[PDB]
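Asks: Input file: structure22.cif. Contents: mmCIF, C-alpha atoms and all ligand atoms.
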```cif
data_data
loop_
_atom_site.label_atom_id
_atom_site.label_comp_id
_atom_site.auth_asym_id
_atom_site.auth_seq_id
_atom_site.Cartn_x
_atom_site.Cartn_y
_atom_site.Cartn_z
CA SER A 30 -19.37 -2.29 -13.57
CA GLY A 31 -15.70 -2.05 -14.48
CA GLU A 32 -14.77 1.44 -13.26
CA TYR A 33 -12.27 1.82 -10.40
CA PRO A 34 -14.46 1.65 -7.28
CA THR A 35 -14.82 4.81 -5.21
CA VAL A 36 -15.49 5.65 -1.55
CA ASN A 37 -19.25 6.20 -1.77
CA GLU A 38 -19.47 3.01 -3.88
CA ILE A 39 -18.11 0.67 -1.15
CA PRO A 40 -19.98 0.30 2.19
CA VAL A 41 -17.68 -0.05 5.16
CA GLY A 42 -17.13 -3.79 5.58
CA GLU A 43 -17.24 -4.80 1.90
CA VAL A 44 -14.23 -5.30 -0.34
CA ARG A 45 -13.87 -5.05 -4.10
CA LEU A 46 -11.04 -6.25 -6.33
CA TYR A 47 -9.88 -4.55 -9.51
CA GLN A 48 -7.80 -6.26 -12.18
CA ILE A 49 -4.71 -4.12 -12.86
CA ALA A 50 -2.72 -6.47 -15.12
CA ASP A 51 -2.26 -10.20 -15.67
CA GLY A 52 -1.81 -11.65 -12.21
CA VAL A 53 -2.13 -8.27 -10.47
CA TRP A 54 -5.19 -6.89 -8.66
CA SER A 55 -5.80 -4.04 -6.31
CA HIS A 56 -8.14 -4.42 -3.36
CA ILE A 57 -10.33 -1.54 -2.22
CA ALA A 58 -12.13 -1.16 1.09
CA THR A 59 -13.56 1.69 3.15
CA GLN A 60 -13.19 2.60 6.79
CA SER A 61 -14.31 5.25 9.27
CA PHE A 62 -11.65 7.27 11.12
CA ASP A 63 -12.32 10.31 13.32
CA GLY A 64 -15.83 10.53 11.92
CA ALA A 65 -15.04 10.54 8.20
CA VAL A 66 -15.07 7.66 5.69
CA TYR A 67 -12.08 6.94 3.50
CA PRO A 68 -11.21 4.40 0.79
CA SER A 69 -7.89 2.61 0.78
CA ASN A 70 -6.04 0.31 -1.60
CA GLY A 71 -3.85 -2.73 -1.36
CA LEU A 72 -2.37 -5.17 -3.88
CA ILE A 73 -2.66 -8.88 -4.73
CA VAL A 74 0.01 -10.53 -6.90
CA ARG A 75 -0.16 -14.05 -8.27
CA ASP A 76 2.80 -16.12 -7.01
CA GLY A 77 2.50 -19.37 -8.99
CA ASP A 78 -0.52 -21.21 -7.57
CA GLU A 79 -0.45 -18.93 -4.47
CA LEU A 80 -1.04 -15.23 -3.84
CA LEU A 81 1.07 -12.51 -2.24
CA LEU A 82 -0.96 -9.84 -0.44
CA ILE A 83 0.27 -6.26 -0.02
CA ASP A 84 -1.45 -4.48 2.89
CA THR A 85 -4.56 -5.30 4.85
CA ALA A 86 -8.01 -3.92 4.04
CA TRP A 87 -7.95 -1.50 7.04
CA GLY A 88 -9.44 -3.50 9.87
CA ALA A 89 -10.20 -7.01 11.03
CA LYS A 90 -13.67 -7.33 9.54
CA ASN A 91 -12.62 -5.69 6.26
CA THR A 92 -9.66 -8.08 6.07
CA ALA A 93 -11.88 -11.12 6.64
CA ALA A 94 -14.08 -9.78 3.84
CA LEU A 95 -10.97 -9.37 1.67
CA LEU A 96 -10.05 -13.03 2.12
CA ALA A 97 -13.61 -14.05 1.20
CA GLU A 98 -13.60 -11.85 -1.90
CA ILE A 99 -10.25 -13.32 -3.00
CA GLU A 100 -11.65 -16.82 -2.62
CA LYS A 101 -14.71 -15.88 -4.68
CA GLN A 102 -12.90 -13.99 -7.46
CA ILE A 103 -9.50 -15.70 -7.69
CA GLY A 104 -9.65 -18.95 -5.74
CA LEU A 105 -5.93 -19.26 -4.91
CA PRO A 106 -4.62 -19.22 -1.32
CA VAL A 107 -3.02 -16.13 0.16
CA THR A 108 0.19 -17.46 1.71
CA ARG A 109 2.19 -14.32 2.54
CA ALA A 110 1.43 -10.67 3.21
CA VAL A 111 3.64 -7.58 3.39
CA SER A 112 2.57 -4.40 5.19
CA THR A 113 4.08 -1.27 3.68
CA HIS A 114 3.97 0.91 6.83
CA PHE A 115 2.69 0.78 10.40
CA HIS A 116 -0.69 2.54 10.13
CA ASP A 117 -3.99 0.69 10.53
CA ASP A 118 -4.76 0.84 6.79
CA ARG A 119 -1.70 -1.38 6.32
CA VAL A 120 -1.51 -3.62 9.43
CA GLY A 121 -5.10 -3.56 10.80
CA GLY A 122 -6.18 -7.11 9.96
CA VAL A 123 -2.78 -8.76 10.41
CA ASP A 124 -4.19 -10.84 13.29
CA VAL A 125 -7.01 -12.06 10.98
CA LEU A 126 -4.39 -12.94 8.33
CA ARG A 127 -2.22 -14.75 10.88
CA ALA A 128 -5.22 -16.91 11.95
CA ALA A 129 -6.07 -17.70 8.27
CA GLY A 130 -2.70 -19.28 7.46
CA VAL A 131 -1.00 -16.20 6.09
CA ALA A 132 2.61 -15.43 7.01
CA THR A 133 2.85 -11.70 7.73
CA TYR A 134 5.91 -9.57 7.04
CA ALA A 135 7.09 -5.98 7.48
CA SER A 136 10.35 -4.13 7.91
CA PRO A 137 11.80 -3.98 11.43
CA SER A 138 11.05 -0.26 11.42
CA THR A 139 7.38 -0.90 10.69
CA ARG A 140 7.19 -3.62 13.34
CA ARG A 141 8.69 -1.34 16.01
CA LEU A 142 6.38 1.54 15.12
CA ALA A 143 3.30 -0.71 15.04
CA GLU A 144 4.20 -2.14 18.45
CA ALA A 145 4.85 1.27 19.98
CA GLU A 146 1.61 2.74 18.66
CA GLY A 147 -0.62 -0.22 19.61
CA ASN A 148 -1.34 -1.49 16.09
CA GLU A 149 -1.24 -5.11 14.96
CA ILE A 150 2.26 -6.42 14.41
CA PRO A 151 3.40 -8.54 11.41
CA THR A 152 5.28 -11.67 12.47
CA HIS A 153 8.38 -11.60 10.28
CA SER A 154 10.99 -8.91 9.77
CA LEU A 155 12.16 -7.85 6.29
CA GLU A 156 15.87 -7.06 6.48
CA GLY A 157 17.80 -5.31 3.74
CA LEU A 158 15.50 -2.28 3.55
CA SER A 159 16.90 0.09 6.17
CA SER A 160 18.69 2.55 3.88
CA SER A 161 16.98 4.72 1.28
CA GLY A 162 17.38 3.21 -2.17
CA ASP A 163 17.46 -0.35 -0.79
CA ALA A 164 15.56 -3.03 -2.68
CA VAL A 165 14.86 -6.72 -2.01
CA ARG A 166 12.95 -9.40 -3.88
CA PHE A 167 9.91 -10.99 -2.28
CA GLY A 168 8.15 -13.53 -4.45
CA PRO A 169 6.89 -11.87 -7.62
CA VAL A 170 7.62 -8.33 -6.41
CA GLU A 171 10.49 -6.03 -5.54
CA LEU A 172 10.21 -4.09 -2.27
CA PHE A 173 11.87 -0.67 -2.26
CA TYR A 174 12.54 1.74 0.58
CA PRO A 175 12.53 5.25 -0.94
CA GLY A 176 13.23 7.19 2.25
CA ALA A 177 10.90 9.00 4.59
CA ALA A 178 7.75 10.38 3.00
CA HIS A 179 4.24 9.73 4.29
CA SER A 180 5.95 7.88 7.15
CA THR A 181 9.55 7.09 8.00
CA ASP A 182 9.01 3.38 7.29
CA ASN A 183 6.98 3.51 4.08
CA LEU A 184 7.82 0.90 1.41
CA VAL A 185 6.83 0.82 -2.22
CA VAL A 186 6.29 -2.34 -4.29
CA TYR A 187 7.09 -3.02 -7.95
CA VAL A 188 5.69 -5.90 -9.99
CA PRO A 189 8.33 -6.36 -12.72
CA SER A 190 6.26 -8.75 -14.85
CA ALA A 191 3.65 -6.04 -15.36
CA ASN A 192 5.55 -2.78 -14.70
CA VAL A 193 3.10 -2.00 -11.89
CA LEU A 194 4.29 0.44 -9.22
CA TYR A 195 2.35 0.29 -5.96
CA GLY A 196 3.30 3.47 -4.18
CA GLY A 197 1.28 2.97 -1.06
CA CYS A 198 0.65 6.06 1.03
CA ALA A 199 3.82 7.81 -0.19
CA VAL A 200 1.94 8.34 -3.48
CA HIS A 201 -1.30 10.30 -3.88
CA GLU A 202 -3.94 10.13 -6.55
CA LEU A 203 -4.21 12.84 -9.20
CA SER A 204 -7.31 14.47 -7.64
CA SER A 205 -5.59 14.98 -4.29
CA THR A 206 -5.54 18.57 -3.04
CA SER A 207 -3.40 18.01 0.05
CA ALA A 208 -0.89 15.48 1.30
CA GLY A 209 -3.44 13.36 3.24
CA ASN A 210 -2.70 12.44 6.84
CA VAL A 211 0.75 13.95 7.38
CA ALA A 212 0.97 13.41 11.14
CA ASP A 213 3.86 10.93 10.74
CA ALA A 214 5.25 12.39 7.52
CA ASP A 215 8.52 14.10 6.65
CA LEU A 216 7.31 16.83 4.26
CA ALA A 217 10.86 18.09 3.65
CA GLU A 218 12.21 14.63 2.65
CA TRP A 219 9.11 13.43 0.82
CA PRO A 220 9.95 15.04 -2.57
CA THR A 221 13.45 13.56 -2.42
CA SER A 222 11.96 10.14 -1.68
CA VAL A 223 9.55 10.50 -4.62
CA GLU A 224 12.47 11.46 -6.87
CA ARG A 225 14.17 8.23 -5.81
CA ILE A 226 11.07 6.28 -6.85
CA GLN A 227 10.97 8.11 -10.21
CA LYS A 228 14.65 7.31 -10.83
CA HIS A 229 14.37 3.67 -9.83
CA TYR A 230 11.17 2.78 -11.72
CA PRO A 231 11.16 4.84 -14.95
CA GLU A 232 9.32 2.12 -16.89
CA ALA A 233 6.31 1.94 -14.58
CA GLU A 234 3.09 1.79 -16.57
CA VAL A 235 0.53 1.82 -13.76
CA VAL A 236 1.03 3.68 -10.49
CA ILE A 237 -1.31 2.80 -7.59
CA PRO A 238 -1.66 5.25 -4.66
CA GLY A 239 -2.40 4.22 -1.09
CA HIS A 240 -5.81 5.84 -1.35
CA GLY A 241 -7.73 6.62 -4.56
CA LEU A 242 -7.47 6.01 -8.28
CA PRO A 243 -4.53 4.43 -10.13
CA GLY A 244 -2.96 6.23 -13.04
CA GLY A 245 0.42 6.56 -14.67
CA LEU A 246 3.80 7.99 -13.74
CA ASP A 247 2.24 11.48 -13.34
CA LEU A 248 0.99 10.45 -9.88
CA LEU A 249 4.61 10.73 -8.70
CA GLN A 250 5.13 14.31 -9.87
CA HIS A 251 1.66 15.28 -8.65
CA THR A 252 2.50 13.90 -5.23
CA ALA A 253 5.71 15.91 -5.06
CA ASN A 254 3.81 19.01 -6.10
CA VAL A 255 1.05 18.64 -3.49
CA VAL A 256 3.49 17.84 -0.69
CA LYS A 257 5.68 20.86 -1.49
CA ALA A 258 2.62 23.13 -1.56
CA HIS A 259 1.28 21.62 1.66
CA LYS A 260 4.59 22.40 3.37
CA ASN A 261 4.48 25.87 1.75
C1 LIG A 301 -4.74 5.10 8.45
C2 LIG A 301 -4.38 6.52 8.93
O1 LIG A 301 -4.35 6.51 10.33
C3 LIG A 301 -3.43 7.36 11.02
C4 LIG A 301 -2.32 8.00 10.43
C5 LIG A 301 -1.47 8.79 11.23
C6 LIG A 301 -1.75 8.90 12.57
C7 LIG A 301 -0.88 9.72 13.54
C8 LIG A 301 -0.33 8.87 14.69
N1 LIG A 301 0.23 7.58 14.27
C9 LIG A 301 -2.83 8.26 13.13
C10 LIG A 301 -3.66 7.49 12.36
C11 LIG A 301 -5.39 7.48 8.25
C12 LIG A 301 -6.66 7.77 8.78
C13 LIG A 301 -7.53 8.62 8.09
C14 LIG A 301 -7.19 9.19 6.87
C15 LIG A 301 -5.93 8.91 6.32
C16 LIG A 301 -5.29 9.32 5.13
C17 LIG A 301 -5.81 10.22 4.01
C18 LIG A 301 -5.67 9.83 2.67
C19 LIG A 301 -6.15 10.63 1.64
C20 LIG A 301 -6.79 11.82 1.93
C21 LIG A 301 -7.32 12.69 0.78
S1 LIG A 301 -6.08 13.94 0.27
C22 LIG A 301 -4.63 13.10 -0.34
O2 LIG A 301 -6.58 14.79 -0.79
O3 LIG A 301 -5.66 14.75 1.41
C23 LIG A 301 -6.93 12.18 3.26
CL1 LIG A 301 -7.75 13.65 3.79
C24 LIG A 301 -6.46 11.38 4.30
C25 LIG A 301 -4.07 8.67 5.14
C26 LIG A 301 -2.98 8.84 4.14
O4 LIG A 301 -2.78 10.01 3.72
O5 LIG A 301 -2.24 7.88 3.85
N2 LIG A 301 -3.95 7.93 6.25
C27 LIG A 301 -5.06 8.05 7.01
ZN ZN A 302 -0.27 5.87 6.64
ZN ZN A 303 -2.67 5.71 4.11
#
```
Take the structure in this file and express it as structure tokens.
Replies:
Amino acid sequence: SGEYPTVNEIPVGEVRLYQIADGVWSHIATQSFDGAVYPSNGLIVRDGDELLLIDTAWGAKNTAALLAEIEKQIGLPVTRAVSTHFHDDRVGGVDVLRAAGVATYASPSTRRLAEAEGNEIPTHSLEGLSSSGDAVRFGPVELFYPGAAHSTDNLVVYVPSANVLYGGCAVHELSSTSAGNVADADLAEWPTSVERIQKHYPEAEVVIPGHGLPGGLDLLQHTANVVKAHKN
């Protein structure tokens, strides 16, 4: 009823949307992994009379449900999707998207890592993102590579019309007590990568983490703090 939806509020297989700003929604789904249930976020950005999707809903059936929820709530076609790193919460569902008319994109680094690890592989490569600090425009967003953090390939997304920063899994929510799944992370570089985000997007008004509740710019400093203490 208007609050940001939480993990025990979303059965696995259902998707909810949350209006962030004019023409900007997050999507929230839940998935089981290694016997625990987790929420995850993605983004939807209006692109004229089309939609740009950022990240899958963490699985084929969740992603089909996402497309149905978009049709119900928004009613514009998703024409393109960008996956912000190679993990299943970002690319699991790319095959569903590709069969539903959506052109799927990721950096070459993400595509190589997805292929090597046996995850679904976006079709199109996003060049111009291979060096930390790189930025490219993609429809109504800017894509930014901050450097290694949660993963070596992680991208963040800015919506300039709304000053919305989608941090993906490089950014944690304010209640986080650890740095999440750090198996592919660079804990030593992660604070430097967060500092790059802070420097590049100082006017962000909403910051959306990969998992959990949006907030403001404090999510960036909190993330740096938890990662440094995790490493400690
Ligand atoms: C989708 C992801 O798959 C994998 C990630 C890495 C590997 C290693 C080999 N390639 C394999 C699978 C995955 C699976 C299951 C969980 C996660 C979490 C997560 C997020 C928040 C919290 C709460 S918190 C900040 O307080 O710790 C926690 Cl515990 C975990 C994250 C993330 O951090 O982005 N990714 C998750
Ligand atoms: Zn991840
Ligand atoms: Zn994640």
Asks: With a distance cut-off of 10 Å and only C-alpha atoms, select the neighbouring residues of region 84-101 of chain A, excluding the residue or stretch itself and same-chain residues fewer than 5 positions from it, and output the selection as a PyMOL selection string.
Replies: chain A and resi 41-46+54+56-61+68-73+106-107+110-114+116-126+129+133-135+149+197+239
Asks: Report, in Å with one decimal, the straight-line distance from CA of residue 179 (chain A) to CA of residue 32 (chain A).
Replies: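 CA of residue 32 (chain A) lies at a distance of 27.2 Å from CA of residue 179 (chain A).
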Asks: Please identify all polymer residues within 9 Å of residue 257 (chain A), counting only C-alpha atoms, omitting same-chain residues fewer than 5 positions from it, and present them as a PyMOL selection string.
Replies: chain A and resi 208+216-217+219-220+252
Asks: Can you spit out the residues from that selection as a PDB file, in the coordinates of the input, using C-alpha atoms?
Replies:
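The resulting again23.pdb:
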```
ATOM      1  CA  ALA A 208      -0.890  15.480   1.300  1.00  0.00           C
ATOM      2  CA  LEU A 216       7.310  16.830   4.260  1.00  0.00           C
ATOM      3  CA  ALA A 217      10.860  18.090   3.650  1.00  0.00           C
ATOM      4  CA  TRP A 219       9.110  13.430   0.820  1.00  0.00           C
ATOM      5  CA  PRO A 220       9.950  15.040  -2.570  1.00  0.00           C
ATOM      6  CA  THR A 252       2.500  13.900  -5.230  1.00  0.00           C
TER       7      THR A 252
END
```
Asks: Measuring atom to atom with all atoms listed in the file, identify which of A:199, A:150, A:211, A:103 is nearest to residue 251 (chain A).
Replies: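 Of A:199, A:150, A:211, A:103, the one nearest residue 251 (chain A), counting all atoms listed in the file, is A:199.
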Asks: What lies within 12 Å of residue 228 (chain A) using all atoms listed in the file, ignoring chain neighbours under 6 positions off, as number ranges by chain?
Replies: A: 162, 175, 221-222, 246, 249-250
Asks: Please report the interatomic distance between CA of residue 189 (chain A) and CA of residue 81 (chain A) in Å with one decimal.
Replies: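 Here the two named atoms are 14.2 Å from each other.
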Asks: What's the separation between CA of residue 128 (chain A) and CA of residue 82 (chain A), in Å to one decimal place?
Replies: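 Going from CA of residue 128 (chain A) over to CA of residue 82 (chain A) covers 14.9 Å.
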Asks: Please identify every polymer residue within 6 Å of ligand LIG 301 (chain A), using all atoms listed in the file, and present the set as a PyMOL selection string.
Replies: chain A and resi 62+116-118+198+201+205-210+212-213+240
Asks: Check the smallest atom-to-atom distance from each of A:158, A:145, A:233, A:214 to ligand ZN 303 (chain A) using all atoms listed in the file, then report the winner.
Replies: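 Of A:158, A:145, A:233, A:214, the one nearest ligand ZN 303 (chain A) is A:214, counting all atoms listed in the file.
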Asks: Would you mind telling me which residue in A:38, A:51, A:202, A:156 lies nearest to ligand ZN 303 (chain A) when using only C-alpha atoms and all ligand atoms?
Replies: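 Of the candidates, the smallest distance to ligand ZN 303 (chain A) is held by A:202.
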Asks: Point out the residue among A:247, A:182, A:79, A:171 with the least atom-to-atom distance to residue 142 (chain A), counting only C-alpha atoms.
Replies: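 Looking at the shortest contact to residue 142 (chain A), the residue is A:182.
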Asks: Looking at all atoms listed in the file, which of A:203, A:191, A:132, A:184 is the one that sits closest to residue 234 (chain A)?
Replies: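 Residue with the minimum atom-to-atom distance to residue 234 (chain A): A:191.
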Asks: Using all atoms listed in the file, which of the listed residues (A:200, A:255, A:177, A:49) sits closest to ligand ZN 303 (chain A)?
Replies: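 Using all atoms listed in the file, the shortest distance to ligand ZN 303 (chain A) belongs to A:200.
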Asks: Just the residues within 9 Å of residue 230 (chain A), please, counting only C-alpha atoms, with nothing from its chain fewer than 3 positions along; format it as a list in words.
Replies: residues 187, 192, 194, 225, 226, 227 and 233 of chain A
